[PDB]
């Protein structure tokens, strides 16, 4: 009983059938999500412990940042459709929270242009119904679990990570505890 329901994780009372195996939610407006991604590298370290054949999904949410918050969910959909998440995640986080130079949908587009996505390719994707379906999927998954806080991670539709029960004196130990818990939960 080294991992206890209620301590390092909680159990959903209404488990979600058909869910992705590892499902992470975030917002580019979310201060802890900035730490999680830019300083701790949570997603990457989880993936390096996950068993073979367990895939990881990451989705943006609407409920922070009003109008721009919703623009960012559609931009994340563009990032997923074009496969350029690894190129835009850092300048989007920094544009929103560090330099505070992202203030409109056009400013979001600038980050993609600077990362090398051609202007016509971004605009075609942005207006595509493939991207509209990806926005729909992101919203659906958040609604499925009554999501009200980010950062958040879910395993096999049944378990939600609880980082509040982890020591933060050392950032590397914390990340390792987090990844090892996702691994334990995926095996279960």
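Just so we're on the same page, rigid core means the largest C-alpha set that superposes within 1.5 Å between forms. Numbering follows the first chain given and starts at 1.
Visitor: Using the rigid core for superposition, please say which stretch has the greater CA deviation in 5 other deposited structures of this protein, 165-173 or 13-21.
Guide: It is 165-173 whose C-alphas lie farther from the shown form in 5 other deposited structures of this protein.
Visitor: Could you tell me which of the two stretches, 44-52 or 136-144, has its Cα atoms lying farther from the shown structure in 5 other deposited structures of this protein after fitting on the rigid core?
Guide: Greater root mean square C-alpha distance in 5 other deposited structures of this protein: 44-52.
Visitor: Tell me which stretch has the larger mean Cα B-factor in this entry, 43-51 or 63-71.
Guide: The recorded data point to 43-51.
Visitor: Is the mean CA B factor in the deposited entry higher across 164-172 or across 9-17?
Guide: The stretch with the larger mean CA B-factor is 9-17.
Visitor: Out of 33, 134, 147, 153, which one has a C-alpha B factor higher than all the others in the entry?
Guide: When the deposited C-alpha B-factors of 33, 134, 147, 153 are compared, 147 is largest.
Visitor: Comparing against every modelled residue in the chain, figure out the third that the C-alpha B-factor of residue 129 lands in (lowest, middle or highest).
Guide: Its C-alpha B-factor belongs to the middle third of this chain's values.
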